[PDB]
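There is one chain below, alone, in structure tokens, taken in the form deposited in one PDB entry.
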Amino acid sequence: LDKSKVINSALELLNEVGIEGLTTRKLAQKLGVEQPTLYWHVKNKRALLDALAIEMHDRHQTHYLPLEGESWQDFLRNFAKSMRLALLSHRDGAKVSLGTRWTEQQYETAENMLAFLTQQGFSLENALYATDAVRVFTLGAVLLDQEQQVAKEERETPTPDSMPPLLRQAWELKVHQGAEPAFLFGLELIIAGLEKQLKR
């Protein structure tokens, strides 16, 4: 039993039962091993969630650092876009990420992210709030997305015809578009707000 086997098995389990269903007990049972053997790999549900989130961001290369020559705008754009995929990678992927924080091992990454932004002329405070603005919007979009998927299968489906015109057009927009353009537009609002902030 190696860590990577635990995590891969845990991710399949997350798909099977979702975040609320997930327990070390079930992961032990899935792995075909005893409780105490698993414990050294993951001591409790929280550690299990932490490791799952590390794996998802790692596997889908969430873009925490700028590439050479990348503007700060493109950087934030790619942080959001890649984080979005990573969270979408798995059932309740956003809920699993929601509670994480930088590990010690990622402190250098975390510091480079802030240094990069402060080198553009942002104060530290603004660089933080910029980072969180994008994280929060991205977590929120996908939490909204993943929850509505589930809520849809649990209530009457609404009639287009009962809806007033502007509401009905907005319903239509979303089926014409899917979720991607709404997310891109929100993301641009933040960048453009950030651009004004950076002038001041």
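Rigid core (definition): largest C-alpha set, two forms, superposition within 1.5 Å. We number the residues from 1 along the sequence you see.
Would you determine, from the values in the PDB entry, which of 37 to 45 and 149 to 157 has the greater average C-alpha temperature factor?
Comparing 149 to 157 with 37 to 45, the higher average CA B-factor belongs to 149 to 157.
Using only the Cα atoms and their B-factors as the entry lists them, report which of 164 to 172 and 138 to 146 averages higher.
Result: 164 to 172.
Selection by C-alpha B-factor (highest) of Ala133, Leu27, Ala51, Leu65:
Among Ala133, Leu27, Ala51, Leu65, the highest C-alpha B-factor in the entry belongs to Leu27.
Comparing against every modelled residue in the chain, figure out the third that the C-alpha B-factor of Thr100 lands in (lowest, middle or highest).
Its C-alpha B-factor belongs to the lowest third of this chain's values.
Taking the entry's C-alpha B-factors for this chain, is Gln177 in the lowest, middle or highest third?
Within its chain, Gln177 is a lowest-third residue by C-alpha B-factor, going by the deposited values.
Could you say whether, by C-alpha temperature factor, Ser82 belongs to the lowest, middle or highest third of its chain?
Tercile = lowest for this residue's CA B-factor.
Could you place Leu189 in the lowest, middle or highest third of its chain by Cα temperature factor, using the values in the record?
Ranked within chain, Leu189 CA B lands in the lowest tercile.
Chain-wide C-alpha B factor ranking for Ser89, given as lowest, middle or highest third
Its C-alpha B-factor, which the entry lists for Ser89, ranks in the middle third among residues of this chain.
Beyond the structure shown, there is the form deposited in another entry, which is absent from this document and is the topic of what follows.
Against the rigid core, a Cα displacement of 2 Å or more between the shown form and the other one applies to just one of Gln61, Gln29, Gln169, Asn44. Which?
Flagged residue: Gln169.
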